[PDB]
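For reference, the chains in residue letters:
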Amino acid sequence: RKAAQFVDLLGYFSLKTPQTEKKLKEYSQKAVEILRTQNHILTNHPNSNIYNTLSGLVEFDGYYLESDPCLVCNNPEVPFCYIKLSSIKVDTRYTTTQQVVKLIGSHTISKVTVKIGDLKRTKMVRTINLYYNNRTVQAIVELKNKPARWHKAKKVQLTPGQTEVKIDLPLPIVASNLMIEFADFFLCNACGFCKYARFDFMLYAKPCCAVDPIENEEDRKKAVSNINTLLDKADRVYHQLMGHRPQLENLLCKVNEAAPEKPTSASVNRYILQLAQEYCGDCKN
Amino acid sequence: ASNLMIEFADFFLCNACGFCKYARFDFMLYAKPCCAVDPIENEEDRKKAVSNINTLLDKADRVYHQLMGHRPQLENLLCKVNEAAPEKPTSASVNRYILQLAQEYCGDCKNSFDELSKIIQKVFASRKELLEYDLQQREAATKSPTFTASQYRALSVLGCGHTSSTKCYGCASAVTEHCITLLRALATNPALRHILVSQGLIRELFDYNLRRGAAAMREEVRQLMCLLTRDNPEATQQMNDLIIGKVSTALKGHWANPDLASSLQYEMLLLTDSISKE
Amino acid sequence: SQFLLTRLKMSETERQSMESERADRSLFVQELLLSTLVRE
Ligand SMILES: [Zn+2]
């Protein structure tokens, strides 16, 4: 489905360019050959009967009975959304002039909008530094170490009295743990309470599928072990998914008979409801 | 009964509220709802009955028109369902047209049918009462001809409410069920089996009753068709010819239409049943 | 709306001609239908 614009342009250019009859014949032959091959693939597909019967009974988006999952169909274009930091926060630790946060997982952050409330004239922030990393740790204090394990993202200077600031990222960052540093002028070391002001964070982010980077050899070994575990889990889930097909075909065979049954959302045929529950409920998950 | 009275004859109750200090009484009835009307004893009662029957007929006519107004929507929904076009979006994930069909038929047509049946029963009871009163009055006027036992039942209102409508789908289905049962009983005699197969019953059962009715009826029809060819080579050859012809005709156009290939389940079930009986 | 292929008029005299042709086609279909109801 990615080739809508390509076929649009191909049709337009073939229509506008005057060409010889041999080129026209070759073009038409290519188009008809592709059509015939795709029709042949469709009519002999192992799941063709199940999909053809299911289309007229239930409303389903995708095809969840495929042996090899398709990267094209498994990867839709997910858009960015505005997420509040506390909703994805997992563990947090504060120091005198910094704040370290960990999230549930990785995220592709694009913009950060910071809001300030209950500010006091005594002291405000002049320069904010943003740091990020995509290494997963279990304890925040472990990652508290400043120099080695952080990456600079953006430094923003503020005019005095600013209430909202728009830290834009020219390139979206894939991050799991974040850090905010107040470079130029504060926070409780134990609980993080601030009397001078109250800070709130927003992110223009979306969920991302990424893993820790590899820098040395034991990281490679950990990556290999993790990939083996993931392959085993995927194999188990794949077998559990493919186990559903016999029940689906039995239900389809029973539905095809269309025998009247004696007993308004509950007055639908029980076999149709079972088919919907089996396909759109379990196979989808 | 509609109104009841209880009297304490041999031995108490408050005239205003009915409280009794001596005892407390509770009542139970072994009853069921009944469709009946007031009796007629004189002329103004007859006039009231006639007016009530006219009102009931008007209400029944209105409800009947409201019921028959549902048919165009039902046929439009059936036409849309027959297309079976995929729709993109677990009790809510069934096709919306199927939900609309179920709501239209089992939700509204059922209520209209029930109201119509209630009003029709009331009208029938009123008519029966009026006709009985008219017969009694005519007999009283004439008394100022012997009838046999069967003639009395024929004339009286006893033989009035046990006849089915001529154009009734359910009654025709029931008669077909009885015919299948009787024919299954009859086919156990070899001579009757030969006569029945000579009548041409196998083709009629194959063309009509294989796919119609409840699942039990369909299996019974399959059993009867198998029994009709129990030891008759000609009947077996005829049934096999029908099955093979239908399967070949469907398989010829299976490629351009898969419903042809998926609507052979009853022929193959018949073949399986015939083979499984040695 | 940015697709080029989805965007892939008639004068008055040809409109008169088309309306006249519709008229004669209607008349021909009328006579054709009348021909099937004749007595046999
Ligand atoms: Zn009936």
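One can find the structure itself at the top, above this paragraph.
Anyway, here's the lowdown on the structure attached to this text. (Residues numbered from 1 in each chain as written, not as in the entry; some residues may be left out. Chains lettered and ligands numbered in written order. Part of a larger assembly, values for the part shown. Heavy atoms only, no water. Residues with missing side-chain atoms left out of burial classes, pairs and counts.)

On to the interface of chain C and chain A. It is common to give the size of an interface as the accessible area that goes away when the parts come together. Counting from both sides, the interface comprises five residues of chain C and, opposite them, seven residues of chain A. Note on chain C versus chain A: buried area summed over both sides is about 490 Å², and carbon and sulfur give 80% of it. On the chain C side of the interface with chain A, the three residues burying the most area are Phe-3, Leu-4 and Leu-5 of chain C, jointly 86% of the side's total. The tally of links between chain C and chain A comes to zero salt bridges. Residues of the side of chain C that touches chain A, tallied by class, amount to four nonpolar, one polar and no charged. (Contact = heavy atoms within 4.5 Å. Buried area = accessible area lost by both parts, 1.4 Å probe. Salt bridge = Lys/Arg side-chain N within 4 Å of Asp/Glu carboxyl O. Nonpolar A, V, L, I, M, F, W, Y, C, P; charged D, E, K, R; others polar.)

All right, on to the interface of chain A and chain B then. With 22 residues of chain A at the contact, the number on the chain B side is 24 residues. In this assembly, chain A packs against chain B so that about 1,900 Å² is buried in total across both faces, 59% of it on carbon and sulfur atoms. Of all residues in chain A, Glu-59, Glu-257 and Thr-264 of chain A give up the largest surface area on contact with chain B, accounting jointly for 32% of the area buried on that side. With a shortest N-O distance of 3.3 Å, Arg-96 of chain B and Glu-59 of chain A are connected by a salt bridge. At the boundary of chain A with chain B, the tally comes to eight residue pairs in polar contact. When residues of the side of chain A that touches chain B are traced back to their parent elements, those giving at least two are α8 (245–257) and α9 (270–283) of chain A. For the side of chain A that touches chain B, the class distribution of residues is 11 nonpolar, eight polar and three charged. (Polar contact = N/O pair within 3.5 Å; in protein donor to acceptor, adjacent residues only side chain to side chain. Helix = DSSP H or I, 4+ residues; strand = E, 2+ residues; numbered from the N terminus.)

This paragraph deals with the nonpolar core. Among the nonpolar cores identified, the biggest contains 27 residues, and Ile-109, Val-112, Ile-128 and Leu-203 of chain A are the most heavily contacted of them. Of all the elements, strand β6 (residues 164–184) of chain A adds the most residues to this core, at eight residues. Excluding residues within four positions of it along the chain, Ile-128 of chain A makes contact with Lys-154, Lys-155, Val-156, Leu-158, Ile-167, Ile-180, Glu-181 and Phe-182 of chain A. Core analysis: the next-biggest nonpolar cluster, separate from the first, contains 26 residues, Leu-196, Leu-224, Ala-235 and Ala-250 of chain B among them. (Core = buried A, V, L, I, M, F, W, Y, C linked by side-chain atoms within 4.5 Å. Buried < 20%, exposed > 50% of the residue type's maximum accessible area, 1.4 Å probe, protein only.)

As a further point, take the layout of surface pockets. Residues and elements named next belong to chain A. In this structure, the second largest pocket occupies an estimated 960 Å³ of space. Lining the second largest pocket are 25 residues, with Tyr-63, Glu-66, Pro-69, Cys-70 and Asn-74 sitting closest to its centre. Going through the elements one at a time, α4 (71–74), α7 (217–242) and α9 are the ones with two or more residues in the lining of the second largest pocket. When residues in the lining of the second largest pocket are grouped by element, the largest group, seven residues, is from α7. Residue composition of the lining of the second largest pocket, by class: 14 nonpolar, six polar and five charged. (1 Å grid on protein atoms, 1.4 Å probe; cavity = no way out; pocket = protein on both sides within 12 Å on 5 of 7 lines; lining within 4 Å. Points joined across faces, edges and corners; volume = space filled by probe spheres on them.)

So yeah, pure geometry; function would need other evidence.
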